[PDB]
């Protein structure tokens, strides 16, 4: 097989088009149920809140997994992390209701302390095998200059857990209690410098910003004076790539390209 192509370019295009059936025209069109994985409360709204509302409005069931409790998110010396975390749980429930999300799994690892370990994979694989989602979204762990370990770890752990949820010898007590192996149909990475699929969110921008500001403990008016300009600059960065005002970007690749693929940066 693949003996009749003559150049790498020819082989590459045939591998993507025919063998992997990959395209970027409307990658989320068939989704019935997606899980959006966020490192802290508010990251699904910041990274992809417009698209979450598009998906809920089409009748997609969007479920969050929040990896941490947001304990560390304050500079008030009088507000304990415990009280902050309780506050943030309510803020996310209010944000999520704005976006059409009705279920959140809280892993409750402490903010700034998310482990990178098999144990956290097992928590992700348990929920992926219970919910059988068609799609999983997570941060791109290869974003340049990303300095928060909880973000980098969430991205890697999500990609690894999507792969390992298919393997019956990984976390085998799930299979023994009736949670069968599950194969997700796509991953899409948000918070990405290398998007290849952009969603126009120009008419939902004001809703997205409302869902973000529902996390009031994080976005005081003072902080917002920097964060609205940042958020609009990011959404312009993505929307300009497809000639629209405001976009959200995602990077989608064939499953194969997450491993031993020396030309994965050609998509």
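Positions refer to the first chain, counted from 1.
- Set 45-53 against 63-71 and average the Cα temperature factors; 45-53 ends up higher.
- Relative to one another, 242-250 and 19-27 have unequal mean CA B-factors, and 19-27 is the one with the higher figure.
- Based on the entry's C-alpha B-factors, the most elevated value among 151, 129, 122, 78 belongs to 78.
- Per the PDB record, residue ranking by Cα B-factor puts residue 160 in the lowest third of the chain.
- Per the PDB record, residue ranking by Cα B-factor puts residue 204 in the highest third of the chain.
- Placement of the Cα temperature factor of residue 118 within the chain: lowest third of the modelled residues, per the deposited record.
- Ranked by Cα temperature factor within the chain, residue 97 sits in the highest third according to the deposited record.
- Ranked against the other modelled residues of its chain, the C-alpha B-factor of residue 140 as given in the entry falls in the lowest third.
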